[PDB]
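One chain comes next, on its own, written out as structure tokens in the form deposited in one PDB entry.
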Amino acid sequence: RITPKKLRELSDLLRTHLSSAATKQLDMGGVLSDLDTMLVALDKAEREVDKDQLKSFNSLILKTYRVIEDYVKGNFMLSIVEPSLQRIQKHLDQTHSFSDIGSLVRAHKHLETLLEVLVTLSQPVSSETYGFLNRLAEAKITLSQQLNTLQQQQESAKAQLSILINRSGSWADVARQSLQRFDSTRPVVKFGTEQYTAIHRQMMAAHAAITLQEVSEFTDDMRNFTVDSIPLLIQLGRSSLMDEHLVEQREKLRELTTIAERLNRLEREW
């Protein structure tokens, strides 16, 4: 597990490279090799450190790539480019979820930078350099494509979330209130059949029946709601997404789903 300590240590490395760049002493193989380690770390960290500190670290990384670009505006292949390329190439054979988008975005920026550095460094260009530039570019663009597909799927998922939440307005407040009243006034369930609990058990049935009539006109909608909402919730997951609009919407959808499912189950029980 990535610790606050290790995150600080990685940030100290970035700051060292940044101060180096300011004195025109940037160790290019060093900053690139260190950046790669940080991509692996941040991928992990995000999945499980103050989110505060995680945001600052993503931004320090962006500052560092910015400095690399300015540095180049104004063996390496074998030991620096090649291992990073090979690691990222592994993403291109993996099944992705929405939670991967951030890390694929970062990996793409990383390949772009490797390419930029290699181009500048070689422009006397060898056949071998051209072959590596090809491989790097084919990887980068394959990643771009897989990433675009994933982002489009996410756009569609967010659109469906909005539509579901918006359509739910026809039943949601009345169903929530009706379920609240159920839960607030619910008699104890009795497990026996003794005559002395017959009144309690008739109370159970009568109380259920009030709630079922309040939501009787919504039962189809709530059932069709959950057919759509459950798979979408699984696709959206439970991790921090700080598109904090998205996390708010997601948890609205989850609440609406529990209401619908409770009321769907209650109707089948009675």
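From 1 onward, residues are counted along the sequence shown. What we label the rigid core is the largest C-alpha set whose atoms superpose within 1.5 Å from one form to the other.
Keep in mind that the form deposited in another entry is not shown, yet the notes after this line are about it.
With the two forms fitted on the rigid core, I'd like to know which residue in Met222, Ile68, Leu35, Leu42 is displaced by 2 angstroms or more at its CA between this form and the one not shown.
None of the others reach 2 Å, which leaves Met222.
Once both forms sit on the same rigid core, is the C-alpha displacement of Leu26 at or above 2 Å between this form and the one not shown?
Comparing the forms between this form and the one not shown, which are aligned on their rigid core, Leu26 does not shift its C-alpha by 2 Å or more.
Would you say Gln177 moves between this form and the one not shown, meaning its CA shifts by 2 Å or more once the core is fitted?
Comparing the forms between this form and the one not shown, which are aligned on their rigid core, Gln177 does shift its C-alpha by 2 Å or more.
After the core is overlaid between this form and the one not shown, has the C-alpha of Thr257 moved by 2 angstroms or more?
Yes; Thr257 is a residue whose C-alpha shifts (by 2 Å or more) between this form and the one not shown when the cores are overlaid.
In that other deposited form, the Cα separation between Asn58 and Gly237 changes by 3 Å or more relative to the shown form; did it shrink or grow?
Their C-alpha distance grows by at least 3 Å in that other deposited form.
What happens to the Cα distance from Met242 to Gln94 in that other deposited form: does it get closer or farther than here, with a change of 3 angstroms or more?
Closer: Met242 and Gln94 approach by 3 Å or more in that other deposited form.
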